[PDB]
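Here is what each chain is made of, one letter per residue.
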Number of protein chains: 4
Amino acid sequence: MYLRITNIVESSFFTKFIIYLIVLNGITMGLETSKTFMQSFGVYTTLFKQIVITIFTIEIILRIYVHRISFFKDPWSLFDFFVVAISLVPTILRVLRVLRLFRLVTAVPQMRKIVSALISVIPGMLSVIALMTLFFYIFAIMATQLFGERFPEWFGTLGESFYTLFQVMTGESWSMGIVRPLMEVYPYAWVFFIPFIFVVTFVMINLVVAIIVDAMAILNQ
Amino acid sequence: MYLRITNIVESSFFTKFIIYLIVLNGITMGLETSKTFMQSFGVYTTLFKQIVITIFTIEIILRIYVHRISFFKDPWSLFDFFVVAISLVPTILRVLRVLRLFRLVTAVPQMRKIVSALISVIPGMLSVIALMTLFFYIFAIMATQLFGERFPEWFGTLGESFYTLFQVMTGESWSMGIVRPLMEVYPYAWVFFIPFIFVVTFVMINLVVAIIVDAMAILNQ
Amino acid sequence: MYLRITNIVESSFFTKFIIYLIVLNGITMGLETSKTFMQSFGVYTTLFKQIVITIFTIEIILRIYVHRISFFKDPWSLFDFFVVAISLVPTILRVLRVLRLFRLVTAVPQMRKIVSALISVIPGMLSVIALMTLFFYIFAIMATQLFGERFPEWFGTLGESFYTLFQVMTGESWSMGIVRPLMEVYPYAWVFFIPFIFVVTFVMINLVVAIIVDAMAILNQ
Amino acid sequence: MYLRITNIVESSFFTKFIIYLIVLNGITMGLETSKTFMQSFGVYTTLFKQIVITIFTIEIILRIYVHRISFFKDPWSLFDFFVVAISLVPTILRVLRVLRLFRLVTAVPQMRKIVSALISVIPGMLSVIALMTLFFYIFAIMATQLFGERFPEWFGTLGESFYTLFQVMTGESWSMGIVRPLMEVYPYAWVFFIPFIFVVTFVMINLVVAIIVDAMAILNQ
Ligand SMILES: CCCCCCCCCCCCCC(=O)OC[C@H](COP(=O)(O)OCC[N+](C)(C)C)OC(=O)CCCCCCCCCCCCC
Ligand SMILES: CCCCCCCCCCCCCC(=O)OC[C@H](COP(=O)(O)OCC[N+](C)(C)C)OC(=O)CCCCCCCCCCCCC
Ligand SMILES: CCCCCCCCCCCCCC(=O)OC[C@H](COP(=O)(O)OCC[N+](C)(C)C)OC(=O)CCCCCCCCCCCCC
Ligand SMILES: CCCCCCCCCCCCCC(=O)OC[C@H](COP(=O)(O)OCC[N+](C)(C)C)OC(=O)CCCCCCCCCCCCC
Ligand SMILES: CCCCCCCCCCCCCC(=O)OC[C@H](COP(=O)(O)OCC[N+](C)(C)C)OC(=O)CCCCCCCCCCCCC
Ligand SMILES: CCCCCCCCCCCCCC(=O)OC[C@H](COP(=O)(O)OCC[N+](C)(C)C)OC(=O)CCCCCCCCCCCCC
Ligand code: NA
Ligand code: NA
């Protein structure tokens, strides 16, 4: 029995059928935004969602059976179990059920290759991320103390300062929307932001080049 | 006769004459925006367009003759045939007739080299493009469900959500124009967009570095 | 006595205790933005700041003792001494005391590695920075003379021209916010800014690629 | 006499004295924006400008003497002669006299190295620039025909369309400022701009990577 059930679970066709269920359910989720289409086929849509979630849950049961230790030590099946379990509980969280469509990435081998390649790079940049978060923390405290009183919408609390600094980093309306109105009152805020812009852009560039060399040295040898 | 006609078609000078026709027709298309110049020489312009399209169509006939199987299996001549045929039909589509100027790229060898080099890179990034389209699909459904009611202009339907997410990806007015007005009502939309910005920017950077390594390894060996 | 005191200063645990003091003081600085929390525990916060600054100052004394010549010839301890001394003087400068949190970078070995790696790149780009500053100087003088009278907010003095040019370089509202309102009066300002944008973007790209090759050649050999 | 005059012109100190004149004249040009400083020392400033331009012109005469054929076949001295001659003619052109400060780049060896390195890259990208200019031409004609009537400020003539397309390429207010107001009337303009944005960004990325490989292969061998 274990032989038959594992030869079914690890068979190509079981994964293919759940892929087709994933694709049809993704189209289903894409169609429920329409008020008109919901009015047309609410009952059919809900029925389809019930049957596909039943098949996905029984699939998760079979998979957690065939590999019990491996299921909770494999991030892909961990993610599948988490998304299925989240989709299971009814009432808010309805929005996060759309993350089940990421299971299309779980099933497809090429998408899995891409995502593993993407994840393997973070170990090379955790350090720079930590430095950047500390630098953001420091300059956000400075911005809140300096401009929080006169411009509470942008720096009144620490969080809005973190937000404004992330925005200035992105270089989106940093001068016209933030710095120039600050200079309308605090005429020497550029001593804060021009060094901030220089520093944060410089660090982002260095992060990119470090990523380049780490992804290239695995090929140069 | 086949000898003479192919020695004329594949001759340097036939392609050169059609190049000069392409250049003169490009100037012609560049001049028809002027209301004043149209008033001045409408009849001369229309006459020139008729004669050049006749020469281009007879050229396409001769080329489709000398290489019949090759014509429909060669993307350059496929594009030339398509643009000439589109320009042929009269009445809207008048705007797309300007794409005939891309035939200057078809004729010139260096432009052909550049375009082939550009196309040869997409096989290395189709996977990342597919992942990005799926990710855009998922977060666009989420954005439509969350913000479609209170901000229908940006997320009322799925398409406007795809548009707003592409824009936020470009980092054009993502905070002042979208996120901050959302926080005016939904105070916790940054939990959606800050991860979205981080993720989408990160994926774009990885796409660029993968393109770099694929275009460099063809030289390192 | 010198043996014991240096075996204490260069011991792992003294640096670890000052790290924990750094972290607790960073949380403390992060909490003083709250008007509510200040009202709650002003006396406790001030007491903690006094005791931690006393420990940091005695630490700086011990370190400047164990290595006197090295202290003023080591940029890390130079920075630590500078930030501690700045934090020492009471009354403005209260904002700059937050830079003591950068001492977390001083203590942590990995952060030190990152920062040294970042600094080692500037010798490869001082030349390009000098050229860019000269180019900014020249075009800022030009912008002040041309547009300073009709648009004094952006080019009335040299400094506001430097600012506007840095902004245009960043590509933030360069056309809608600057160039188009200029063309509302000076219709041929794009002859100034389009070459400026082309040139400044081109130089920034070349700076990035030069940084790439300098950081890669240290690995290729 | 030729021996003495060339040993003076090509001597280190003649170039150093003209460098000091360049630096002092650059400060002079930097000070004339001030209405107050002009009121203070107009006569002194004009006198200094007269004497430095006399020394620069006699220097250009001596240099064009020592190397007559080389002077008009050397781009650096060509630029020096051009800027000095432009500065010579009085009356508009007063703004372009500031380009004499680029002669600081001419004199300094390191700046010359940087600029030659920058120029040596364009031969590798003239082709891509030509393709991009043709693509801009085509889509600008399309934009003028489509949106010139309803939005003449952005596409009424060909030039304003070239400008708007360059701006959209830069990704500055492309959606909120251009595309969305167009969709207020022409609801299907994104079929024009989303492909335009994709294409133009993609080509710019490929230009950058080609520059990288051309500047790296000169080192890999
Ligand atoms: C470890 C690997 C993955 C790392 C990816 C993430 C790295 C950054 C982690 C940041 C940790 C700190 C998060 C944080 O401080 O968030 C604070 C704000 C909260 O805003 P909040 O005050 O809640 O606004 C609501 C106002 N309310 C309550 C009255 C309604 O929320 C924000 O505004 C967040 C904005 C972005 C913060 C940027 C922090 C530094 C990012 C550096 C990343 C690398 C850049 C090259
Ligand atoms: C004006 C807007 C776009 C209008 C339609 C665009 C499509 C038509 C353009 C045709 C242009 C000519 C195509 C072409 O040159 O293809 C050659 C490339 C490069 O060759 P290469 O990789 O050197 O040769 C490999 C062949 N091998 C392995 C047997 C030695 O070999 C390949 O083609 C590799 C396959 C890549 C296919 C991906 C092409 C997708 C283009 C879609 C453009 C949509 C724009 C939004
Ligand atoms: C295969 C090789 C070449 C690949 C290049 C293209 C890759 C992306 C394909 C996207 C396929 C899905 C297209 C799509 O969903 O378009 C939906 C919207 C339509 O807006 P729509 O709802 O029609 O607005 C009109 C409103 N109405 C009807 C009432 C007047 O139209 C849009 O808003 C389109 C906006 C861009 C969509 C971005 C989708 C993901 C792009 C990821 C590309 C890589 C990024 C690094
Ligand atoms: C918070 C805002 C900034 C506050 C002030 C910033 C300045 C103080 C920061 C001190 C941090 C520690 C400095 C440091 O680690 O320098 C080490 C680097 C890298 O060493 P490395 O290149 O590995 O060693 C080469 C030595 N050799 C050839 C004999 C083997 O060796 C070098 O230093 C090479 C020389 C480069 C000097 C350029 C540094 C300019 C920094 C200016 C920052 C201004 C921000 C706007
Ligand atoms: C050496 C290694 C590290 C190098 C990093 C820094 C490199 C740039 C150094 C710039 C030196 C010149 C600084 C400068 O000219 O600042 C002038 C403006 C001052 O504005 P200001 O006139 O005080 O405005 C206040 C108005 N008021 C007095 C009536 C209230 O202040 C500003 O607006 C500054 C804006 C940025 C200036 C950009 C100058 C060229 C930067 C090129 C950097 C590389 C780019 C790829
Ligand atoms: C060869 C090596 C160096 C190459 C660098 C330059 C490459 C681009 C050359 C462009 C040649 C065509 C220039 C052109 O068409 O300019 C037309 C517009 C003129 O605006 P205009 O109609 O005069 O506006 C005034 C209105 N009026 C008369 C009534 C007052 O003037 C503009 O709007 C210019 C805006 C930029 C045009 C962008 C053309 C394609 C650039 C592609 C560069 C590479 C991008 C990756
Ligand atoms: Na912007
Ligand atoms: Na931008």
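As stated in the entry header, the method of structure determination is X-ray crystallography and the reported resolution is 3.50 Å.

**Student:** What am I meant to see in the overall build of chain A here?
**Tutor:** Scanning chain A for helices and strands turns up 12 helices and 0 strands. In terms of overall size, chain A is more extended than a compact globule, its C-alpha atoms giving a radius of gyration of 25 Å where 221 residues would be expected to give roughly 17 Å. Principal axes of the C-alpha set define a box for chain A whose edges measure 75 × 60 × 25 Å.

**Student:** For this particular structure, what's the right way to read the site of ligand 6?
**Tutor:** The environment of ligand 6 is made up of 14 residues, and the closest members are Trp 190 and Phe 198 of chain C together with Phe 136, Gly 159 and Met 204 of chain D. Residue neighbours of ligand 6 fall on chains C and D, so the site bridges chains. Starting from 1,100 Å² of accessible surface for ligand 6 in isolation, the protein chains cover 63%. Among the secondary structure elements, those contributing two or more residues to the shell around ligand 6 are helix 12 (190-220) of chain C together with helix 8 (126-147) and helix 10 (158-170) of chain D. For the shell around ligand 6, the element with the most residues is helix 10 of chain D, which contributes 5 residues.

**Student:** Can you help me understand the relation of the copies chain B and chain A in this one?
**Tutor:** With an axial shift of 0.0 Å and an RMSD of 0.0 Å, the rotation relating chain B to chain A amounts to 90°. A rotation of that kind, with that shift, is consistent with a four-fold axis. In terms of C-alpha distance to the rotation axis, chain B has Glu 172 of chain B as its closest residue, with the C-alpha 4.6 Å off the axis. Each copy contacts the other with its own distinct surface, as only 14% of the interface residues of chain B are interface residues in chain A too.

**Student:** Looking at this structure, how should I read the pattern of salt bridges?
**Tutor:** Should the charged atoms of two oppositely charged side chains come close, the side chains can pair. For the structure shown, the criterion picks out 24 salt bridges over all chains. Close ionic contact of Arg 63 of chain A with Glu 59 of chain A constitutes a salt bridge, the shortest N to O distance being 2.9 Å. Of the two residues, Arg 63 of chain A and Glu 59 of chain A both sit in helix 3 (residues 35-66), 4 residues apart, roughly one turn of that helix. Residue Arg 63 of chain A is classed as buried on the basis of its relative accessible area of 18%. Between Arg 63 of chain C and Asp 80 of chain C there is a salt bridge; the shortest N-O distance is 3.0 Å. Here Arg 63 of chain C is found in helix 3 (residues 35-66), whereas its partner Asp 80 of chain C is found in helix 5 (residues 75-88), with 17 residues between them in sequence. In the salt-bridge network here, residues are joined through shared partners; they are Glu 59, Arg 63, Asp 80 and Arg 103 of chain A.

**Student:** How should I be thinking about the domain arrangement of chain A in this particular structure?
**Tutor:** When the parts come together, some accessible area is lost, and that loss is often what is quoted as the size of the interface. Examined at the domain level, chain A breaks down into domain 1 (1-120) and domain 2 (123-218). One C-alpha centre belongs to domain 1 of chain A, the other to domain 2 of chain A, and the line joining them spans 39 Å.

**Student:** Explain a nonpolar patch on the surface to me, please; I cannot follow it from the model alone.
**Tutor:** Residues and elements named next belong to chain A. Among the surface-exposed residues, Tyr 20, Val 23, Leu 24, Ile 27 and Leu 31 lie close enough to one another that they form a single nonpolar patch of about 430 Å² accessible area. Relative to the helices and strands, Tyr 20 resides in helix 2 (residues 12-31). Since its relative accessible area comes to 48%, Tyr 20 is described here as partly exposed.

**Student:** Got a minute to help me understand the site of ligand 4 in this structure?
**Tutor:** All names here are of chain C. Around ligand 4, the surrounding shell consists of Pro 75, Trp 76, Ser 116, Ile 119, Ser 120, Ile 122 and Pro 123. Protein chains shield 37% of the accessible area of ligand 4, which is 1,100 Å² for the free molecule. Counting residues per element, the ones that place at least two in the shell around ligand 4 are helix 5 and helix 7 (109-119). Here the shell around ligand 4 is composed, by residue class, of 5 nonpolar, 2 polar and no charged.

**Student:** What am I meant to see in the arrangement of the chains here?
**Tutor:** Here chain B and chain C are not in contact; the least distance found between their C-alpha atoms is 9 Å. As for chain D relative to chain A, no contact occurs, and the smallest C-alpha gap between them is 9 Å.

**Student:** Help me understand unusual backbone geometry, please; the structure alone is not making it clear to me.
**Tutor:** What you tend to see is this: most non-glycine residues have negative phi, and most peptide bonds are trans. Residues other than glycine seldom take positive phi values, yet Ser 173 of chain C does so here, at roughly 55°. Summarising the element assignment, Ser 173 of chain C is placed in the loop between helix 10 (158-170) and helix 11 (175-183).

Rules of the game
Residues numbered from 1 in each chain as written, not as in the entry; some residues may be left out. Chains lettered and ligands numbered in written order. Heavy atoms only, no water. Residues with missing side-chain atoms left out of burial classes, pairs and counts. Helix = DSSP H or I, 4+ residues; strand = E, 2+ residues; numbered from the N terminus. Rg over C-alpha atoms; globule rule 2.2 N^0.38 Å. Near = heavy atom within 4 Å. Areas by Shrake-Rupley, 256 points an atom, 1.4 Å probe, with all protein chains shown as cover. Least-squares fit on C-alpha atoms. Contact = heavy atoms within 4.5 Å. Salt bridge = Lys/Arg side-chain N within 4 Å of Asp/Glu carboxyl O. Buried < 20%, exposed > 50% of the residue type's maximum accessible area, 1.4 Å probe, protein only. Domains from an automatic or database assignment. Patch = residues over 30% accessible without salt bridge, like charges linked within 9 Å, V, L, I, M, F, W, Y side chains within 5 Å. Nonpolar A, V, L, I, M, F, W, Y, C, P; charged D, E, K, R; others polar.

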